[PDB]
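Where a number appears in this text, it was derived from the coordinates with a stated rule and is not lab data. Please note: Cβ atoms are built from the backbone with ideal geometry, for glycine as well, and neighbour counts cover all protein chains shown.
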RNA sequence: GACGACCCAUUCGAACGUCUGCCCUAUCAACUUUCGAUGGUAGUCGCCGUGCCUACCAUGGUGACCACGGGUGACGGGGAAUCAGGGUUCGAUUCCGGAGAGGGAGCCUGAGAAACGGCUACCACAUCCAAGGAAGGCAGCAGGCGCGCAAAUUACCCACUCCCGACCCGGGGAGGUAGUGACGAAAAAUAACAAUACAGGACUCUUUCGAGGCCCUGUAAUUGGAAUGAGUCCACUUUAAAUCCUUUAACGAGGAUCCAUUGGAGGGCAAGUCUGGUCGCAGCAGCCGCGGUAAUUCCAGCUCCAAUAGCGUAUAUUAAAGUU
């Protein structure tokens with residue numbers, strides 16, 4: 001396919017050091033393409049290269065023909081890496097989580113509560 | 001004559017269950033429209049009703 | 001959250017006179033049930049109630065002006081009323097059938113490409129039409145006046161350009 | 001007519017109406033609650049009991065028939081109610097010393113039809129309807 | 001810059017006090033007082049005003065304009081259902097105010113509590129014990145027993161929304177997400193189009209018969225061409241991670257199955273003086289009435305009628321009721 005990336009209400013968001021717009025996309029006989037492909041084209045429309053671009057949203061209307069999302073473009077990596085909610089950074093990997101599921105935390109906490117002075121057994125040991 | 005199940009336990013049981021599929025929704029109203037009004041049959045004053053197995 | 005009904009039931013359960021009108025009206029427009037009829041008549045009788053207020057309010061009350069002006073615009077915008085009328089008395093001359101002309105399935109048949117009305121409803125649902133750029137599947141679109149000159153078939157269908165169906169391409173295979 | 005039409009007679013109107021409303025039959029049952037205390041129901045739509053024993057109940061003239069009711073004791077009151085059984089052969093599907101579910105006729109206090117002394121009927125034997133027992137789309141679970 | 005402290009102002013309130021507004025009951029008409037009831041004077045106490053309390057002194061206060069007493073399946077309000085006008089009925093329940101955490105009482109800490117995810121005692125329960133003692137309060141989220149006509153998962157997660165802390169970092173069954181879900185509401189599939197075939201009206205052609213005919217119509221016979229999601233399902237998307245939805249491959253309709261039911265057909269009230277069985281028996285019947293061997297009402301078959309992914313039944317309640 002040949003697809004169009006089209007702006008919508010730009011802001012130069014100096015305080016967070018980024019540029020936030022809407023990602024308005026048209027697709028002719030298809031719709032709903034990977035988000036990875038989208039940020040490539042936006043890389044070569046503001047020459048900021050695709051590792052400081054971040055996008056999300058992208059709900060597709062009935063019958064295809066249009067999809068609309070929301071995209072950020074940071075000036076540098078470290079401004080994204082600092083600000084950015086964790087799951088959006090881990091969305092295309094550079095971070096993870098662990099931690100580890102849920103529960104194993106609370107049952108340990110209440111056991112740690114019932115000792116005093118030494119809790120190093122329960123932190124490793126159960 | 002106090003006995004129950006009397007009338008229902010001495011009657012014959014028969015059937016002639018359908019092979020023909022009846023219509024639903026839209027088309028059931030379509031046939032109802034055409035068969036009553038858009039035929040157009042009616043004649044002199046009569047009592048006939050839409051049923052008559054008499 | 002917030003929900004409410006869009007129709008009401010008749011006070012009488014049966015009445016030979018009533019039933020024939022509801023039947024023959026459904027026959028013309030291809031409607032599925034009486035719930036598709038009473039829906040229309042709720043909206044209409046609502047509009048007939050609002051109008052019935054403003055005529056009894058003082059002439060050149062500010063409430064009466066602002067409401068009527070913006071109301072009649074909406075009745076003209078859907079095309080159940082003319083601007084050669086443009087006053088509140090003609091609201092009461094409005095009736096049930098004029099609405100149904102502006103239904104999507106009615107306008108397909110009347111001013112487009114269809115067989116009998118029963119055909120035209122199926123075309124709307126099987127995604128072979130659009131309204132300006134946008135696919136629809138709802139025969140109860142009620143169609144604004146401006147959008148009557150943009151009713152076209154769809155741009156991906158076997159009716160006009162686009163890929164054939166699975167009856168043709170089956171037989172090709 | 002024949003009564004005050006003063007401008008300061010709100011008291012003499014609103015106290016009179018509050019008294020003469022009690023002569024109505026309907027109002028007097030609702031607000032005294034003697035209804036609740038006297039009824040075998042608590043005002044609940046249904047109720048549940050345990051069978052005591054089948055009976056035959058004679059009809060009121062002109063009609064002559066035997067109507068095959070039951071008699072039942074309740075779970076939550078321990079008092080006794082005489083309850084009709086519907087369609088032909090449904091008596092057999094009720095077996096003595098089991099539970100049943102009862103319900104009023106549809107006249108809300110009064111005995112219905114040509115059968116006297118009965119004010120209740122029966123709907124479910126044991127999580128199974130009289131319909132499905134009668135028609136044959138279900139069977140006895142025992 | 002950070003922290004702390006005294007006072008004043010401010011903010012968030014807190015606490016008392018003003019005026020007006022209340023359901024049923026008289027088979028409740030007199031009520032209240034040295035066990036302070038009403039007032040005066042002084043004092044104690046309290047954050048403060050005050051019979052709040054105490055001493056002394058006076059004898060008042062309230063009521064047919066319903067007091068006092070009793071009842072309430074009575075938390076109050078913002079509201080909800082019905083409705084021409086006037087009304088009637090409901091308000092446990094997402095917002096605001098209040099009261100309470102098994103039943104009573106007392107109290108610590110603090111700016112704020114007579115706190116129960118704090119404490120002490122009594123009373124009613126119930127648990128462990130080596131019998132010496134010890135420990136407990138799900139009207140928090142789930143879950144169990146019991147009670148009944150009657151009501152869901154011992155699921156996922158702090159990403160959203162906000163709160164708490166010494167804090168940009170931690171925590172939160174608040175809250176968000178999914179599961180169960182015909183309480184209820186909105187949307188709208190279950191076959192559309194031609195061929196032949198009979199069939200009908202205007203027509204027009206014929207004196208009529210009859211024939212043609214297109215705007216039709218069903219209906220038989222087979223079919224033919226055409227279309228689509230219901231399902232199945234790779235991919236993308238969704239999001240905390242996922243599901244669903246929308247978007248898209250590949251499969252996916254010839255009516256026999258990719259199957260619409262729930263009630264009714266004597267009158268009220270839309271539809272059988274059809275066929276078989278029963279014979280005042282069995283049953284139906286809101287009501288009026290049907291059945292005693294020729295049943296338009298019962299039990300069945302066929303046909304027909306109503307509403308329709310809904311319909312029936314029981315009960316509370318409103319409209320109908322100018323029968324409050």
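A few remarks follow.
- For chain A, built as a Gaussian network whose Cα springs stay under 10 Å, the top-fluctuating residue of A:98, A:86, A:35: A:98
- Contact order relative to length of chain D, as percent, for alpha carbon pairs under 8 angstrom and 6 or more apart: 19
- Modelled this way, with points 7 Å down the Cα-to-C-beta line, the labels at residue A:32 and residue D:22 are 7.2 nm from one another.
- Take the Cβ atoms of residue D:12 and residue C:118, set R0 to 56 Å, and the FRET efficiency comes out at 0.20.
- Taking the C-alpha atoms only, the angle from helix C:16-29 to the longest principal axis of chain C is near 50 degrees.
- Rel. contact order, % - alpha carbon contacts under 8 angstrom, at least six apart, chain C: 16
- Over chain C: helical MRE at 222 nm, DSSP H runs n ≥ 4 each giving -39500 (n - 2.57), nearest 500: -13500 deg cm²/dmol
- In degrees, nearest ten, helix C:35-54 long axis to first principal axis of chain C (Cα): 30
- Chain A: most fluctuating residue of A:83, A:110, A:13 per GNM, C-alpha cutoff 10 Å: A:110
- FRET E, pair residue C:132, residue C:77, Förster distance 22 Å, beta-carbon r, rounded to 0.05: 0.90
- Net length available on complete extension from residue C:163 to residue C:11 is 49.6 nm, with 0.36 nm assigned per residue and the Cα-Cα distance removed.
- Distances between every pair of Cα atoms in the stretch C:13-173, grouped in 5 Å steps from 0 to the bin holding the largest one, split as 1, 7, 14, 16, 15, 13, 11, 8, 6, 3, 2, 1, 1, 0, 0, 0 percent.
- Semi-axes of the equivalent ellipsoid for the stretch D:2-142, Cα gyration tensor, largest first, Å: 43, 17, 13
- For chain D, the mean residue ellipticity at 222 nm estimated from helices alone is -3500 deg cm²/dmol, where every DSSP H run of n ≥ 4 contributes -39500 (n - 2.57) and the total is divided by all residues, rounded to the nearest 500.
- The modelled label-to-label distance for the pair residue D:50/residue A:91, using points 7 Å beyond Cα in the direction of Cβ, is 6.6 nm.
- Alpha carbon centroid spacing (whole Å) that separates the stretch A:34-70 from the stretch B:1-43: 61
- Here the stretch D:69-132 is treated as an ellipsoid with the same Cα gyration tensor; its semi-axes, largest first and in whole Å, are 18, 15, 10.
- Computed over chain A: relative contact order in percent, which uses C-alpha pairs under 8 Å that are six or more apart: 21
- Working from label points 7 Å from Cα in the Cα-to-Cβ sense, the residue D:60 to residue D:103 distance is 2.4 nm.
- Ranked from largest, the principal axis spans of the Cα set of chain A equal 65, 36, 21 Å.
- For chain C, built as a Gaussian network whose Cα springs stay under 10 Å, the top-fluctuating residue of C:123, C:104, C:155: C:155
- Helix content alone sets the calculated 222 nm mean residue ellipticity of chain A: runs of n ≥ 4 DSSP H residues at -39500 (n - 2.57) each, divided across all residues, give -7500 deg cm²/dmol.
- Stokes-Einstein translational diffusion, the stretch C:90-173 - Kirkwood Rh over all Cα pairs, 0.890 mPa s, 25 °C, in µm²/s: 174
- The ranking of C:38, C:1 from fewest to most other beta carbons within 10 Å of each one's beta carbon is C:1, C:38.
- Cα-based helix-to-principal-axis angle, A:35-46 vs chain A, degrees rounded to 10: 60
- Rule-of-thumb Rg ratio for the protein assembly as shown [Cα; 2.2 N^0.38 Å; N residues]: 1.60
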